[PDB]
Each structure stands twice: as structure tokens, then as C-alpha cells.
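# Secondary and tertiary structure notes
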Amino acid sequence: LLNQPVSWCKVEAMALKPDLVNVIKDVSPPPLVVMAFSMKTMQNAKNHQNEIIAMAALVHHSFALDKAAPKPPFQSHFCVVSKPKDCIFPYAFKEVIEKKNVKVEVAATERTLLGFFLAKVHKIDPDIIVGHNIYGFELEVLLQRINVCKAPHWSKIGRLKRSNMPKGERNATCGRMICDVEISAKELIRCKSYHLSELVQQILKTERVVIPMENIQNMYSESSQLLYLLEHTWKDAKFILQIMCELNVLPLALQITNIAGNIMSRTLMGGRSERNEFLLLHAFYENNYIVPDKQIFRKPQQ
Amino acid sequence: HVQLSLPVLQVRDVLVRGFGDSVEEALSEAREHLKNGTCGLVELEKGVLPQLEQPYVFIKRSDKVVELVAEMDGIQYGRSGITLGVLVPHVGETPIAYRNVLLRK
Amino acid sequence: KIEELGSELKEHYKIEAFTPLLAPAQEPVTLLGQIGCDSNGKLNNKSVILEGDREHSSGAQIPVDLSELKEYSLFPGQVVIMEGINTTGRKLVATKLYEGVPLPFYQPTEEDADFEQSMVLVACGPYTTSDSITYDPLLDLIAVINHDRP
């Protein structure tokens, strides 16, 4: 045990040599904590900037990984929103919120919004967090917004601590696990377009209304419509969670990882090449061969 | 004038401990929270400062008429007969009570 | 051609790295591609598209916006290096453009300095009027040349 917490996990362990640790196999995987999250950005009013202004998340503390998907897949949620720079909140917005007193909170500005988000995800310490389009758009906009806001303890997104922001395929959330439903569905099923809407109508057989950002500027001035958008984001989280639970992408990933000897982080990020890469690495080493070095250029862009 | 009751919060329960990073933005960003009615206070005791983030925002008895002062070094602002607490954003966590003050315009 | 010009301008301008046209990044990052007109008519300032090389952006296309850009000069079929901000992915807005350095001049030799002053005739057709076969301008040029001895 080292003197200082090197991560945000509860327990720490230190080892002098790799051979000090070994393998035990005859245990069934524990259930863990799954989390859904939803956030709305909006191309800023003045000139071409993203404004992450909405928060929404679904949590199920004890989530099975070898049994049936829990129904319902959550027991609690929370939402926080803010005015980015000029989108004035409607009259008695929080008053109507507390009148309906459904699980939602307000935040004044973006820095407070993301600070609340980060401390909440810290205290939840999820092991499977899931959102739509986290490969290319939402995770990158998340890191850029925590940059511009200079979010305190920014590295708390992962379970480790790093003072300097990286630049960066996976260096962001070291400790926690991101789940993008669309890529997993792209691996399993055939769909016209892997957008969330079409995925829901093809699999869940339910419609979701697409809300253009070009209309919502006046929409921030009306409490009922803004709360409609907020509950739309809640139903978005619900639909994503329903898709992933029903399609049981998590136990699929577990079995694939146990077959291939890979890292489940890379597995869920995507690429059959990496999983069967680790499989063949295991095979050539157990047959006592020499594996060629990882190719230096790397840098895939898709 | 304007009479607002700012609730008292708890030090290890707050999730947003800092309004920002520089002196000029905290004095403006915090005052935005005053007009939005989303700002709380943490009463000052021993050992409470190391759990909050610089820059700090403090409420000063100007004469409950109060004023806003922000400290960087922490030499002769917190320790006095004029300090009441440290102003922090409200994040919906349950407060303990409410303290009523008056803002001078 | 796009890749060649891109590599040359990258090495000349000390650019960090280009980004795919369909990959949205909030921070201003450089892009690359040749200029084209969206429709099939004459180019309009707001009817321009950007399409890059395949190794960067799969050879895809994206409309451009020049309202934010201060100065520019565009025509279809030219390479450009647009460090525009593309936070969305489906449309970029121009922030600032990079002029393309021309090729270095052909380096002369001592024998080139061993030449004395010379003058050149230049002439372009047509060499006859709209209703003639006589080629009177051609005869006039013949007279000019055999009088001037160029």
C-alpha cells in the first residue's frame, strides 16, 4: 500500500514484480454498476461552438452480466441544465420543476453543470457507462468542453488521476468503460442507417422525434417545451438502455473477451482485428513463438 | 432593495467548489448566480478552507446588507468579525437551513 | 495532385496534422481539399464545397462558408489548406486560409550569364479577319519580322 491515492478507486495495491500475481479461474463474474448518460449540445448562437447544456443519466447499481437484463434497467436518474450564454430560462422554470418534482435539477452555467456531472460520475464510479455516438462526437465534445470550462479534477471521468490533459485514442477515461450502442449494433444487425432514430424504429419498433437545434433558441423561453425536451432526453436514455439491455451487448463482449484474451476496453471501442490480435498473441506465446512488434505508425482514423 | 435567503450547505457534500479560475470572472460569474437564485453558502470554521477550490468568493458585512469580496492569499479576509461564509453554487443537494442577507445595488 | 500539393504545403507551413473532413473537432484544426462549386452553374461565394483526398477524408465532400473569412481568392479545382473550425461535421466555416507557395525559380548557371541581350516576337491568332482568307495580318507580321530582324 502506497501512502497516497494514485487513483479514485477505493482500494490500491502495489506489486514489485509481475510474477507475484497469478490467475484463479473457478469464480463467476460479479455483477457490476452500469450507467446510461445523455447530453445535448447546441451550435452556439454567435459563431460555431458546441454548447453542452443538458445532462441526463440512468443508473442501475447491481447490473447482471451473465443473467437476464434487469427489468427495469434502472432505479434512479437525474438531470441538470443551464443557460449557455443568453438562452434565458423561462419564468418560474425551477418552480414548475419542483411542482412536478420529478428527478431533475438546474444549474446556472456550464462550469457548474460539468462540475456537477463530474462529481456525480465520480460518486457513481460506473463500470459500464453507455451513450450514443461516443466514438467521434460526444466524447470529443465532452473533453473540449471540460477544457474550455477547465473542469476541476478533470481526470475524474476515469478512475485514475492525471493532471495534464492528453492528446488520445483512449487516454481520456482510464478507469471507466465507455459503451457505444451504434457500433455494437453495426457488428450484429443490418440497418438502413445506424442513427439512434432508425435503430430504435428497426429494433425497438418505436419512433423518437428529432428536435432540430435551429428551433430550440426560442424554446429555451418556454418552461413546458423545455421540460418536454428534457423528458425527451430522458426517453432517449431509456431507449438506449433498452436497446443495449435487450441486445445484451455486455455478456456478448464478456464472452468475446474471454475467448480472445484481449482488453474489453478495446473490444467495446471496436475492431475485430484487435480482439483476434490478442487471441493470436496468446496462441503464439503458449506455443512459444515470437510475435512481431506492434506496427509503429498505428493511427487509424475510422 | 433585494432580500435573498441563501441556504447553508455542507463542505463534503458540494459538487461545484469553484466558480472558475480567475479574479475577474468569479466576481461576475458568482453575481450571475445571485440573480438566478442558485447560490448557497458554507459557514466558515476551522479546517473548511482546504476542501474548497481557489478562487474563493466571500460575503462581507458592509454595514442584512452585505457585499462581495474575493480573496486570493487568505491573509486578512476570512479571519475577522465581518466574515459569514463562502458562497458556492447550488446543485440541488439538501441544505441545512437558510441565511437571509441583502444585496446592495 | 491533391496529396502532392498537401504534402508540399504541410512541409512548407510546418503544419501539425490534417484531419478528416467528416471528423468534428471543436478546436480549430486544419483541413485539406480542392475547391468545387456545389451546383453546375457559375461559382457563387456561398455555393462552394470542399472535397479532400481519400487518405484523409475518404474523398468525401462538404460545403464551405466564407462569411467569417476576411480575405480569400477561390476558383474551382485549386488545392486549399483551410484551417477552418468544424465542430459539427456536416458543414465548415472558414476562419483563415493559407496561400500556396510557388515553385522555386529555375537556378541559372554561368553559361546563362554568358548570354547577351535578346528580344522575342510573340503573336496569337486569328491571323485573318472575320470575313477574309487573305491573311492580311499575316502579311503584316511577315513585313514586321523581316524588317525588325528579331
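To keep things clear, this report deals only with the structure shown in the data block.

## Description of the overall build of chain C
When you go through chain C residue by residue, the secondary structure sums to 4 helices and 4 strands. Tracing chain C from N to C terminus, the helices and strands come up as α-β-β-α-β-β-α-α. Within the span of chain C, comprising 150 residues, buried residues form 32% of the whole. Contacts spanning at least 24 positions in sequence make up 54% of the contacts within chain C whose residues lie at least 6 apart. If you sum the accessible surface of chain C, you get close to 10,600 Å²; carbon and sulfur atoms cover 56% of it. Computed over 11 positive and 24 negative side-chain charges, the separation of the two mean positions in chain C equals 13 Å.

## Quick look at the interface of chain B and chain A
On the chain A side, the residues contacting the 19 residues of chain B number 15 residues. The closest approach of N and O atoms between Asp21 of chain B and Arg111 of chain A, which form a salt bridge, is 2.8 Å. For the pair chain B and chain A, the interface holds 4 residue pairs in polar contact. A per-element tally of the side of chain B that touches chain A places helix α1 (residues 23-36) of chain B first, with 4 residues.

## Brief notes about the nonpolar core
Residues and elements named next belong to chain A. Counting 29 residues, the largest nonpolar core has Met35, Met55 and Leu142 as its most contacted members. Those elements that place two or more of their residues in this core are β1 (32-40), β2 (54-63), α2 (110-124) and α3 (138-149). With 8 residues, α2 is the largest single contributor of residues to this core. Not counting the four nearest positions on each side in its chain, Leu142 is found in contact with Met39, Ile52, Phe117 and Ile157. By size, the runner-up hydrophobic cluster in this structure holds 22 residues, among which are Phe63, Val181, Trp234 and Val249.

## Description of the sheet that holds strand β4 (residues 65-69) of chain B
The pairing of strands in a sheet comes from backbone hydrogen bonds and takes either a parallel or an antiparallel form. Residue and element names in this part refer to chain B. Pairing in this open sheet of 6 strands is mixed, and the strands run β1-β6-β4-β3-β5-β2 from one edge to the other. The open sheet has two edge strands with one neighbour each: β1 (2-7) and β2 (39-43). Here the average twist between neighbouring strands, direction ignored, is 45°. Sheet analysis places β2 next to strand β5 (residues 83-89), joined by 5 bridges and oriented antiparallel. Residue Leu41 lies in a different strand from β5, and its bridge partner there is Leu87.

Definitions and cut-offs
- Residues numbered from 1 in each chain as written, not as in the entry; some residues may be left out.
- Chains lettered and ligands numbered in written order.
- Part of a larger assembly, values for the part shown.
- Heavy atoms only, no water.
- Residues with missing side-chain atoms left out of burial classes, pairs and counts.
- Helix = DSSP H or I, 4+ residues; strand = E, 2+ residues; numbered from the N terminus.
- Buried < 20%, exposed > 50% of the residue type's maximum accessible area, 1.4 Å probe, protein only.
- Contact = heavy atoms within 4.5 Å.
- Areas by Shrake-Rupley, 256 points an atom, 1.4 Å probe, with all protein chains shown as cover.
- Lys, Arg positive; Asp, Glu negative; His and termini not counted.
- Charge placed at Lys NZ, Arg CZ, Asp CG, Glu CD.
- Salt bridge = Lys/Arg side-chain N within 4 Å of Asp/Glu carboxyl O.
- Polar contact = N/O pair within 3.5 Å; in protein donor to acceptor, adjacent residues only side chain to side chain.
- Core = buried A, V, L, I, M, F, W, Y, C linked by side-chain atoms within 4.5 Å.
- Pairing = 2+ DSSP bridges.
- Axes fitted to C-alpha atoms, helices over the stretch in contact; angles between N-to-C directions.

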